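Undergrad: One structure coming up, written as structure tokens, with questions to follow.
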Number of protein chains: 2
Amino acid sequence: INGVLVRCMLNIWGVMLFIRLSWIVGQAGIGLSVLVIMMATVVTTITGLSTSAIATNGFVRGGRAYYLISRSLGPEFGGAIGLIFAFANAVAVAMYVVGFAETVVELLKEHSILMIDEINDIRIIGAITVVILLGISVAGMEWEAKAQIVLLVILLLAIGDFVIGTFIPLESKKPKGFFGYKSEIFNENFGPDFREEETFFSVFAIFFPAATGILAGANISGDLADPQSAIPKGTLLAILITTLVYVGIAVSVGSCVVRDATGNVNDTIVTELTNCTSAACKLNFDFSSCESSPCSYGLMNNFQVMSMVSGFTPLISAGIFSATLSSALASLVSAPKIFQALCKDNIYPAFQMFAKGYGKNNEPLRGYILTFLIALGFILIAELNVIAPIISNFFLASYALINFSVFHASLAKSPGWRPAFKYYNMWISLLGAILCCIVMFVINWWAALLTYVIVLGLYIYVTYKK
Amino acid sequence: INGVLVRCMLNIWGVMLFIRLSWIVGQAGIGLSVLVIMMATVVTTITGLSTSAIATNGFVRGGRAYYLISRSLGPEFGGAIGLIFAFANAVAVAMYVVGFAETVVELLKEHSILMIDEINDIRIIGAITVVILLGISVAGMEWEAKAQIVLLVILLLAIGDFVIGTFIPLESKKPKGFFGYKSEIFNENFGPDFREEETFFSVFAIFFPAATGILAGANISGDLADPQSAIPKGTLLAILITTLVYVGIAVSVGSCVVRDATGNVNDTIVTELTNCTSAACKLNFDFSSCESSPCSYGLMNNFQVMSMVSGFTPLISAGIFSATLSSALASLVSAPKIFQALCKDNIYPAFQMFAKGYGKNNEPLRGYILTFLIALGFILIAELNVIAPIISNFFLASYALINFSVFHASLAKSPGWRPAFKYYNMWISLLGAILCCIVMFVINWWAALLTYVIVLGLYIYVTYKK
């Protein structure tokens with residue numbers, strides 16, 4: 001009730017927190033953003049209750065995450081969810097690491113230093129980073145147990161430092177959108193003023209990965225040093241804490257940083273008593289009239305608002321490093337584990353090359369190379385705002401699959417289904433599945449369709465390979 | 001090999017032939033229109049081969065169409081295809097009858113006569129028409145056997161009269177877009193010049209019902225006075241003939257009527273030697289410069305181009321009446337038959353009120369009232385261009401269902417599957433199903449999605465009612 005809790009809590013706080021939440025709230029108002037977070041959290045908690053019901057039905061010996069599912073679910077749903085989820089984690093590696101690389105090139109361009117083709121300097125940085133990350137994962141993880149705790153200490157210190165910065169309204173940040181909890185800054189920030197082409201569901205898709213750390217946080221750490229049936233409590237409480245801190249950070253940054261701010265001491269508080277519609281003039285002449293040209297930063301231009309508000313910004317940057325690298329590595333170790341587990345069962349005998357445990361320990365290698373290559377291929381696409389909707393798609397697909405499969409097995413299944421989680425009925429799981437599918441189709445309907453024909457073909461193969 | 005042949009050939013030539021084909025070719029060029037027809041016909045013929053394989057597997061005693069399917073397919077696919085297809089025919093009634101009503105108000109407004117709210121005078125006409133059609137269907141059909149033959153004589157005479165009119169270039173039609181097989185009229189008509197908001201798939205969806213008469217043409221006439229295993233030959237040959245005459249009428253009208261023509265002897269052949277880009281001036285000053293205001297008619301303005309080209313236009317109008325009324329009535333008798341057959345089996349016991357055969361013969365009444373009311377509700381929507389995509393959706397769904405179900409049963413099914421149709425393998429049926437689903441999603445993805453959750457809920461009900 002402490003190990004997998006910390007694991008999920010690490011997996012969930014990812015890149016989208018420090019570098020995208022300000023974005024989201026800047027586009028979808030302080031109000032509607034809460035609806036975004038609430039939809040995300042209801043999907044996640046439906047899936048959490050369902051996966052809990054899974055984690056409280058079978059034998060006490062939880063072999064492997066995918067093996068746990070295959071025990072508690074048919075090989076059709078088993079292999080489907082497994083493959084689609086391992087792919088989800090594989091692409092998630094690239095998502096997290098490219099967010100990291102983005103913040104690196106940001107903190108670097110802040111200096112005098114520069115690189116070749118920033119839009120692809122991100123690509124070079126991400127490549128070196130994923131190489132070093134694979135090198136970390138393979139050949140050693142004994143230290144990760146103690147490393148996750150220090151990472152979480154760093155991360156919580158970063159969040160607390162952010163909030164402690166909010167209450168400290170330095171005048172030098174007046175040229176930035178930060179103003180320190182003004183009511184009118186909150187008023188003007190409640191209406192969902194969107195931007196160039198984003199719609200509510202585009203923003204939701206961007207945000208959704210920031211709520212996706214639950215299953216691999218819990219299940220992938222099957223056979224935990226803790227009892228198996230402790231997973232649900234920690235998973236759900238972690239969901240609650242993460243979503244609550246999401247809501248808090250959301251409301252705070254919305255009531256703190258204005259929609260746009262061209263940092264210029266010149267364009268400042270000179271205080272000509274004008275018409276004064278927006279909240280900027282309400283504060284002072286600072287951050288006035290970005291409507292003409294694209295301004296530098298503030299809640300809708302730059303993603304560095306979080307690092308801009310807090311005190312001793314190094315701690316916030318360290319928190320970013322911790323979150324992104326940690327989540328990326330967790331996904332990078334969970335994905336090939338699922339691959340090798342599914343392949344050792346030879347459920348899909350086409351990928352019979354289960355990496356043969358090429359190592360002194362049971363360290364798969366073929367899966368590592370595969371997911372590393374996928375991560376590279378996706379890293380090549382730089383703009384995180386386009387990688388993230390794909391992860392959104394695939395994780396929504398995975399969640400739909402899993403909770404729908406629970407719903408289906410609930411339709412009486414001779415295989416020992418017999419779950420135990422309080423509040424784990426079928427109808428809520430069918431609700432979650434319909435929600436997942438609908439939401440997935442609203443965000444790039446054709447991607448969802450293609451995903452579904454993929455899983456259909458998987459059902460075919462699993463149906464006639466028997 | 002003559003009865004169900006004539007039946008399908010009647011069901012297929014519907015309203016979309018005489019009043020929409022000219023439209024389609026006017027928007028999607030003489031060339032691309034052939035691709036439209038080819039996609040339609042490949043879908044239809046895949047489904048035809050599959051339904052043939054069905055019609056050549058089971059007992060010699062073909063009880064009922066839906067019963068034939070339930071014999072040769074599981075009650076899941078059975079009831080799904082049955083309900084969705086009966087609904088398809090129900091809405092098809094309204095489609096055909098509203099096309100009829102449209103041509104009636106056209107031929108009436110051509111006179112001095114008029115009605116109240118033409119856009120809903122169509123609705124009033126359609127209501128009276130569907131009332132009279134229900135009155136025809138119930139309480140007597142003994143004459144329909146001899147009536148279909150005279151209807152087909154009328155229809156073929158209309159088509160032949162149309163083509164015989166093409167070769168007769170009356171000067172009085174020069175103010176209309178008709179010119180009589182000019183090469184340049186064909187050249188300018190090969191490029192898919194679309195219009196206000198139509199896309200290739202919008203046009204395809206409009207067209208697709210014009211290729212949907214096969215299953216109900218053949219299966220609904222189960223226990224034919226002909227042997228059961230004669231269905232495939234006639235069905236496929238009817239498909240071939242209908243699609244070939246579609247291609248012929250398409251190429252002809254494309255090479256005959258220009259894209260736009262403001263009928264005015266004044267704006268005519270006066271023959272000022274201008275720049276002359278379009279083919280109009282190539283012919284003469286007639287039908288020149290519709291680009292300014294919306295012109296009266298010709299291959300893109302009015303749907304009466306077909307009736308405008310032929311000689312003794314009354315015959316063409318009679319052919320329209322024959323086609324629309326005939327197809328409408330065939331659908332109106334096929335839909336409730338499927339309803340009462342599915343309900344007598346009580347597959348979906350919610351609709352246990354199977355009309356109890358309230359009549360001296362086995363004449364269902366509850367189903368009649370139901371489909372009549374649905375037809376009314378849809379008639380209320382007047383613009384055929386919006387009703388037709390819905391029928392396209394639902395028929396694509398039905399075809400996807402049926403051929404996919406054949407594909408699935410091909411994955412070895414202990415129920416006696418054992419078909420016989422030459423060239424009836426699985427892979428082509430899976431191809432047809434994937435095509436149906438993809439095409440259905442390109443045309444109003446959310447309608448397709450909703451249809452699929454409907455059939456999923458049906459799978460639920462059929463799964464836990466057992």
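By order of appearance in the structure tokens: chains A, B, ..., then residues from 1 within every chain, and ligands from 1 in the order shown.
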Which polymer residues have any atom within 9 Å of an atom of segment 370-380 of chain A, counting only C-alpha atoms, with same-chain residues fewer than 5 positions away left out, as a list in words?
TA: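 The neighbour list is residues 86, 87, 89, 90, 91, 92, 93, 94, 95, 97, 98, 120, 122, 123, 124, 126, 127, 130, 131, 134, 332, 335, 336, 365 and 387 of chain A.
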Undergrad: Those residues you just picked out, can you put them in a file as an mmCIF file, in the first residue's frame with N, CA and C atoms?
TA:
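Final file, part_20.cif:
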```cif
data_model
loop_
_atom_site.group_PDB
_atom_site.id
_atom_site.type_symbol
_atom_site.label_atom_id
_atom_site.label_comp_id
_atom_site.auth_asym_id
_atom_site.auth_seq_id
_atom_site.Cartn_x
_atom_site.Cartn_y
_atom_site.Cartn_z
ATOM 1 N N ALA A 86 1.045 -2.529 -24.658
ATOM 2 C CA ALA A 86 2.489 -2.459 -24.812
ATOM 3 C C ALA A 86 2.865 -1.435 -25.866
ATOM 4 N N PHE A 87 2.113 -1.387 -26.961
ATOM 5 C CA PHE A 87 2.345 -0.340 -27.944
ATOM 6 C C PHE A 87 2.097 1.033 -27.342
ATOM 7 N N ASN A 89 2.530 1.956 -24.248
ATOM 8 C CA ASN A 89 3.675 2.325 -23.428
ATOM 9 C C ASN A 89 4.884 2.651 -24.288
ATOM 10 N N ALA A 90 5.069 1.911 -25.378
ATOM 11 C CA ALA A 90 6.190 2.181 -26.265
ATOM 12 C C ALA A 90 6.137 3.607 -26.784
ATOM 13 N N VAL A 91 4.977 4.028 -27.284
ATOM 14 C CA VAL A 91 4.890 5.388 -27.797
ATOM 15 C C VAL A 91 4.916 6.396 -26.655
ATOM 16 N N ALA A 92 4.450 5.999 -25.473
ATOM 17 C CA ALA A 92 4.517 6.892 -24.329
ATOM 18 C C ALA A 92 5.954 7.223 -23.972
ATOM 19 N N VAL A 93 6.861 6.266 -24.164
ATOM 20 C CA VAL A 93 8.277 6.551 -23.951
ATOM 21 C C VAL A 93 8.675 7.778 -24.748
ATOM 22 N N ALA A 94 8.360 7.764 -26.040
ATOM 23 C CA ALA A 94 8.729 8.878 -26.896
ATOM 24 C C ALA A 94 8.035 10.150 -26.456
ATOM 25 N N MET A 95 6.776 10.049 -26.040
ATOM 26 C CA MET A 95 6.076 11.249 -25.590
ATOM 27 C C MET A 95 6.811 11.905 -24.431
ATOM 28 N N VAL A 97 9.871 11.476 -23.312
ATOM 29 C CA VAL A 97 11.232 11.915 -23.566
ATOM 30 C C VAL A 97 11.243 13.139 -24.463
ATOM 31 N N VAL A 98 10.256 13.290 -25.342
ATOM 32 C CA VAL A 98 10.273 14.471 -26.186
ATOM 33 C C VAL A 98 9.822 15.682 -25.397
ATOM 34 N N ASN A 120 14.596 20.235 -34.619
ATOM 35 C CA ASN A 120 15.194 18.909 -34.623
ATOM 36 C C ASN A 120 16.390 18.787 -33.696
ATOM 37 N N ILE A 122 15.649 19.223 -30.773
ATOM 38 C CA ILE A 122 14.814 18.404 -29.907
ATOM 39 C C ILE A 122 14.948 16.939 -30.285
ATOM 40 N N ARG A 123 14.997 16.645 -31.585
ATOM 41 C CA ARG A 123 15.102 15.256 -32.021
ATOM 42 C C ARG A 123 16.440 14.649 -31.619
ATOM 43 N N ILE A 124 17.524 15.394 -31.811
ATOM 44 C CA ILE A 124 18.845 14.896 -31.438
ATOM 45 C C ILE A 124 18.909 14.646 -29.936
ATOM 46 N N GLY A 126 16.440 14.114 -27.876
ATOM 47 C CA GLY A 126 15.605 12.982 -27.534
ATOM 48 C C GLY A 126 16.251 11.663 -27.891
ATOM 49 N N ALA A 127 16.994 11.629 -28.994
ATOM 50 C CA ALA A 127 17.669 10.395 -29.374
ATOM 51 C C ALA A 127 18.747 10.033 -28.366
ATOM 52 N N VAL A 130 17.008 8.850 -25.177
ATOM 53 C CA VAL A 130 16.411 7.527 -25.173
ATOM 54 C C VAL A 130 17.493 6.468 -25.233
ATOM 55 N N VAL A 131 18.619 6.762 -25.879
ATOM 56 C CA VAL A 131 19.734 5.825 -25.842
ATOM 57 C C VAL A 131 20.220 5.654 -24.411
ATOM 58 N N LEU A 134 17.576 3.658 -22.376
ATOM 59 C CA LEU A 134 17.672 2.221 -22.599
ATOM 60 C C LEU A 134 18.880 1.655 -21.876
ATOM 61 N N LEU A 332 9.263 2.488 -20.227
ATOM 62 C CA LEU A 332 10.238 1.777 -21.038
ATOM 63 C C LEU A 332 10.552 0.416 -20.458
ATOM 64 N N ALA A 335 6.802 -1.733 -21.013
ATOM 65 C CA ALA A 335 6.402 -2.168 -22.351
ATOM 66 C C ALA A 335 7.028 -3.504 -22.729
ATOM 67 N N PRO A 336 8.353 -3.655 -22.744
ATOM 68 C CA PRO A 336 8.924 -4.925 -23.185
ATOM 69 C C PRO A 336 8.637 -6.059 -22.242
ATOM 70 N N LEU A 365 15.865 -8.843 -24.614
ATOM 71 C CA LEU A 365 16.633 -7.930 -25.445
ATOM 72 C C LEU A 365 15.925 -7.580 -26.737
ATOM 73 N N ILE A 387 2.164 14.193 -30.841
ATOM 74 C CA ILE A 387 2.391 12.845 -30.342
ATOM 75 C C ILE A 387 1.337 12.491 -29.309
#
```
Undergrad: Once you count only C-alpha atoms, which residues of chain A turn out to be within 8 Å of chain B? Could you give them as a VMD selection string?
TA: chain A and resid 411 445 463 to 464
Undergrad: Measuring atom to atom with only C-alpha atoms, identify which of B:187, B:112, B:228, B:252 is nearest to residue 309 of chain B.
TA: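 Residue with the minimum atom-to-atom distance to residue 309 of chain B: B:252.
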Undergrad: Can you work out which one of B:49, B:114, B:128, B:155 has the shortest atom-to-atom distance to residue 326 of chain B, counting only C-alpha atoms?
TA: B:155
Undergrad: Using only C-alpha atoms, determine which residues lie at most 10 Å from residue 14 of chain B, disregarding the query and same-chain residues fewer than 2 positions distant; provide the list as a VMD selection string.
TA: chain B and resid 9 to 12 16 to 20 95 to 96 99 to 100 209 to 213 320 to 328
Undergrad: If we count only C-alpha atoms and set the cut-off at 10 Å, which residues sit around residue 351 of chain B, ignoring sequence neighbours fewer than 6 positions away in its own chain? Please answer as a PyMOL selection string.
TA: chain B and resi 339-340+342-344
Undergrad: If we count only C-alpha atoms and set the cut-off at 10 Å, which residues sit around residue 302 of chain B, ignoring sequence neighbours fewer than 6 positions away in its own chain? Please answer as a list in words.
TA: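 So the residues in contact are residues 19, 20, 22, 23, 260, 261, 295, 296 and 308 of chain B.
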Undergrad: Any chance you could export the current selection's N, CA and C atoms as an mmCIF file, in the first residue's frame?
TA:
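File written: part-v3.cif
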```cif
data_model
loop_
_atom_site.group_PDB
_atom_site.id
_atom_site.type_symbol
_atom_site.label_atom_id
_atom_site.label_comp_id
_atom_site.auth_asym_id
_atom_site.auth_seq_id
_atom_site.Cartn_x
_atom_site.Cartn_y
_atom_site.Cartn_z
ATOM 1 N N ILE B 19 -33.961 10.777 -61.485
ATOM 2 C CA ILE B 19 -33.950 12.102 -60.883
ATOM 3 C C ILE B 19 -32.664 12.411 -60.150
ATOM 4 N N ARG B 20 -31.739 11.475 -60.053
ATOM 5 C CA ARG B 20 -30.496 11.758 -59.365
ATOM 6 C C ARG B 20 -29.253 11.410 -60.157
ATOM 7 N N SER B 22 -28.425 11.996 -63.243
ATOM 8 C CA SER B 22 -27.980 13.201 -63.925
ATOM 9 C C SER B 22 -27.295 14.139 -62.950
ATOM 10 N N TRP B 23 -27.856 14.277 -61.754
ATOM 11 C CA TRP B 23 -27.218 15.083 -60.722
ATOM 12 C C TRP B 23 -25.806 14.607 -60.446
ATOM 13 N N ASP B 260 -24.661 23.345 -67.045
ATOM 14 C CA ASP B 260 -25.575 24.393 -66.615
ATOM 15 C C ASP B 260 -26.156 25.074 -67.840
ATOM 16 N N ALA B 261 -27.426 25.460 -67.746
ATOM 17 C CA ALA B 261 -28.113 26.013 -68.910
ATOM 18 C C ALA B 261 -29.293 26.856 -68.453
ATOM 19 N N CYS B 295 -28.703 29.358 -62.423
ATOM 20 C CA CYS B 295 -29.509 29.167 -63.616
ATOM 21 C C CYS B 295 -30.594 28.133 -63.372
ATOM 22 N N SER B 296 -31.492 28.028 -64.348
ATOM 23 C CA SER B 296 -32.692 27.224 -64.173
ATOM 24 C C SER B 296 -32.362 25.743 -64.072
ATOM 25 N N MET B 308 -36.153 15.893 -69.646
ATOM 26 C CA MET B 308 -36.039 16.978 -70.606
ATOM 27 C C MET B 308 -35.461 16.510 -71.927
#
```
Undergrad: If you run DSSP on the backbone, which residues of segment 3-144 of chain B are alpha helix (DSSP H), as an MDAnalysis selection string?
TA: chainID B and resid 3:12 15:27 30:54 65:72 75:109 118:137 144
Undergrad: Excluding same-chain residues fewer than 6 positions from segment 269-282 of chain B, what lies within 10 Å of it counting only C-alpha atoms, as a list in words?
TA: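 The residues satisfying every condition are residues 174, 175, 177, 179, 182, 183, 184, 185, 186, 187, 188, 189, 258, 259, 260, 261, 288 and 289 of chain B.
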Undergrad: Now that the selection is made, can you save its residues with N, CA and C atoms as a PDB file, in the first residue's frame?
TA:
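Final file, out-v5.pdb:
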```pdb
ATOM      1  N   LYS B 174     -31.940  23.274 -77.288  1.00  0.00           N
ATOM      2  CA  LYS B 174     -30.677  23.996 -77.200  1.00  0.00           C
ATOM      3  C   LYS B 174     -30.668  24.976 -76.038  1.00  0.00           C
ATOM      4  N   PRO B 175     -31.725  25.744 -75.766  1.00  0.00           N
ATOM      5  CA  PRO B 175     -31.742  26.511 -74.516  1.00  0.00           C
ATOM      6  C   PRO B 175     -31.601  25.643 -73.287  1.00  0.00           C
ATOM      7  N   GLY B 177     -29.622  22.218 -71.526  1.00  0.00           N
ATOM      8  CA  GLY B 177     -28.264  21.719 -71.605  1.00  0.00           C
ATOM      9  C   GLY B 177     -28.069  20.560 -72.559  1.00  0.00           C
ATOM     10  N   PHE B 179     -27.612  18.651 -75.897  1.00  0.00           N
ATOM     11  CA  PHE B 179     -27.058  18.998 -77.194  1.00  0.00           C
ATOM     12  C   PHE B 179     -26.878  17.826 -78.138  1.00  0.00           C
ATOM     13  N   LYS B 182     -22.060  15.559 -78.058  1.00  0.00           N
ATOM     14  CA  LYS B 182     -20.905  16.293 -78.537  1.00  0.00           C
ATOM     15  C   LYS B 182     -19.649  15.820 -77.823  1.00  0.00           C
ATOM     16  N   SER B 183     -18.558  15.720 -78.577  1.00  0.00           N
ATOM     17  CA  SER B 183     -17.291  15.312 -77.986  1.00  0.00           C
ATOM     18  C   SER B 183     -16.863  16.281 -76.896  1.00  0.00           C
ATOM     19  N   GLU B 184     -16.851  17.572 -77.213  1.00  0.00           N
ATOM     20  CA  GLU B 184     -16.400  18.563 -76.248  1.00  0.00           C
ATOM     21  C   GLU B 184     -17.292  18.604 -75.020  1.00  0.00           C
ATOM     22  N   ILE B 185     -18.590  18.342 -75.184  1.00  0.00           N
ATOM     23  CA  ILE B 185     -19.445  18.198 -74.015  1.00  0.00           C
ATOM     24  C   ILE B 185     -18.991  17.026 -73.166  1.00  0.00           C
ATOM     25  N   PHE B 186     -18.382  16.017 -73.780  1.00  0.00           N
ATOM     26  CA  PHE B 186     -17.836  14.908 -73.013  1.00  0.00           C
ATOM     27  C   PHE B 186     -16.502  15.280 -72.393  1.00  0.00           C
ATOM     28  N   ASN B 187     -15.668  15.997 -73.142  1.00  0.00           N
ATOM     29  CA  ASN B 187     -14.386  16.428 -72.601  1.00  0.00           C
ATOM     30  C   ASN B 187     -14.584  17.263 -71.348  1.00  0.00           C
ATOM     31  N   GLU B 188     -15.372  18.332 -71.449  1.00  0.00           N
ATOM     32  CA  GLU B 188     -15.598  19.206 -70.308  1.00  0.00           C
ATOM     33  C   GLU B 188     -16.299  18.506 -69.156  1.00  0.00           C
ATOM     34  N   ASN B 189     -16.803  17.293 -69.360  1.00  0.00           N
ATOM     35  CA  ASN B 189     -17.582  16.603 -68.345  1.00  0.00           C
ATOM     36  C   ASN B 189     -16.827  15.465 -67.688  1.00  0.00           C
ATOM     37  N   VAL B 258     -25.034  19.602 -70.727  1.00  0.00           N
ATOM     38  CA  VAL B 258     -23.925  20.399 -70.218  1.00  0.00           C
ATOM     39  C   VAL B 258     -24.165  20.706 -68.746  1.00  0.00           C
ATOM     40  N   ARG B 259     -23.148  21.237 -68.061  1.00  0.00           N
ATOM     41  CA  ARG B 259     -23.217  21.407 -66.614  1.00  0.00           C
ATOM     42  C   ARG B 259     -24.251  22.431 -66.173  1.00  0.00           C
ATOM     43  N   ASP B 260     -24.661  23.345 -67.045  1.00  0.00           N
ATOM     44  CA  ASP B 260     -25.575  24.393 -66.615  1.00  0.00           C
ATOM     45  C   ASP B 260     -26.156  25.074 -67.840  1.00  0.00           C
ATOM     46  N   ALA B 261     -27.426  25.460 -67.746  1.00  0.00           N
ATOM     47  CA  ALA B 261     -28.113  26.013 -68.910  1.00  0.00           C
ATOM     48  C   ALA B 261     -29.293  26.856 -68.453  1.00  0.00           C
ATOM     49  N   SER B 288     -25.052  29.922 -71.924  1.00  0.00           N
ATOM     50  CA  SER B 288     -23.806  30.620 -71.642  1.00  0.00           C
ATOM     51  C   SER B 288     -23.907  31.411 -70.346  1.00  0.00           C
ATOM     52  N   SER B 289     -22.847  31.350 -69.540  1.00  0.00           N
ATOM     53  CA  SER B 289     -22.658  32.225 -68.386  1.00  0.00           C
ATOM     54  C   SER B 289     -23.760  32.050 -67.338  1.00  0.00           C
TER      55      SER B 289
END
```
Undergrad: I'd like the neighbourhood of residue 440 of chain B as a PyMOL selection string, where a residue qualifies if any of its atoms comes within 9 Å (using only C-alpha atoms), though same-chain residues fewer than 5 positions away should be ignored.
TA: chain B and resi 205+392-394+396-397+435+445+447-448
Undergrad: Write the residues of the selection above to a file with N, CA, C and O atoms, as a PDB file, in the first residue's frame.
TA:
```
ATOM      1  N   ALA B 205     -22.711   8.498 -51.248  1.00  0.00           N
ATOM      2  CA  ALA B 205     -23.769   8.118 -50.327  1.00  0.00           C
ATOM      3  C   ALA B 205     -25.130   8.380 -50.938  1.00  0.00           C
ATOM      4  O   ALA B 205     -26.041   7.558 -50.809  1.00  0.00           O
ATOM      5  N   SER B 392     -28.240   4.984 -47.111  1.00  0.00           N
ATOM      6  CA  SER B 392     -26.900   4.532 -47.450  1.00  0.00           C
ATOM      7  C   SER B 392     -26.216   3.963 -46.225  1.00  0.00           C
ATOM      8  O   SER B 392     -25.689   2.847 -46.251  1.00  0.00           O
ATOM      9  N   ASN B 393     -26.223   4.727 -45.140  1.00  0.00           N
ATOM     10  CA  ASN B 393     -25.668   4.270 -43.877  1.00  0.00           C
ATOM     11  C   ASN B 393     -26.227   2.917 -43.496  1.00  0.00           C
ATOM     12  O   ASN B 393     -25.481   1.972 -43.227  1.00  0.00           O
ATOM     13  N   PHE B 394     -27.547   2.801 -43.469  1.00  0.00           N
ATOM     14  CA  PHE B 394     -28.140   1.607 -42.887  1.00  0.00           C
ATOM     15  C   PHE B 394     -27.944   0.396 -43.784  1.00  0.00           C
ATOM     16  O   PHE B 394     -27.719  -0.714 -43.297  1.00  0.00           O
ATOM     17  N   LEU B 396     -25.397  -0.001 -45.909  1.00  0.00           N
ATOM     18  CA  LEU B 396     -23.998  -0.354 -45.750  1.00  0.00           C
ATOM     19  C   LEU B 396     -23.792  -1.139 -44.474  1.00  0.00           C
ATOM     20  O   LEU B 396     -23.043  -2.116 -44.454  1.00  0.00           O
ATOM     21  N   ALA B 397     -24.458  -0.730 -43.400  1.00  0.00           N
ATOM     22  CA  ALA B 397     -24.364  -1.469 -42.151  1.00  0.00           C
ATOM     23  C   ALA B 397     -24.878  -2.886 -42.327  1.00  0.00           C
ATOM     24  O   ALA B 397     -24.243  -3.849 -41.890  1.00  0.00           O
ATOM     25  N   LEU B 435     -14.649  -2.960 -46.431  1.00  0.00           N
ATOM     26  CA  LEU B 435     -15.041  -1.890 -47.338  1.00  0.00           C
ATOM     27  C   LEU B 435     -16.321  -1.223 -46.882  1.00  0.00           C
ATOM     28  O   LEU B 435     -16.424   0.006 -46.872  1.00  0.00           O
ATOM     29  N   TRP B 445     -19.380   9.610 -39.995  1.00  0.00           N
ATOM     30  CA  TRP B 445     -18.757   8.685 -39.053  1.00  0.00           C
ATOM     31  C   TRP B 445     -19.610   8.451 -37.816  1.00  0.00           C
ATOM     32  O   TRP B 445     -19.691   7.326 -37.319  1.00  0.00           O
ATOM     33  N   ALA B 447     -22.903   8.675 -37.386  1.00  0.00           N
ATOM     34  CA  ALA B 447     -24.045   7.821 -37.674  1.00  0.00           C
ATOM     35  C   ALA B 447     -23.623   6.361 -37.708  1.00  0.00           C
ATOM     36  O   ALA B 447     -24.300   5.487 -37.154  1.00  0.00           O
ATOM     37  N   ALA B 448     -22.489   6.082 -38.348  1.00  0.00           N
ATOM     38  CA  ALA B 448     -21.979   4.719 -38.374  1.00  0.00           C
ATOM     39  C   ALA B 448     -21.677   4.229 -36.970  1.00  0.00           C
ATOM     40  O   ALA B 448     -22.022   3.099 -36.604  1.00  0.00           O
TER      41      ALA B 448
END
```
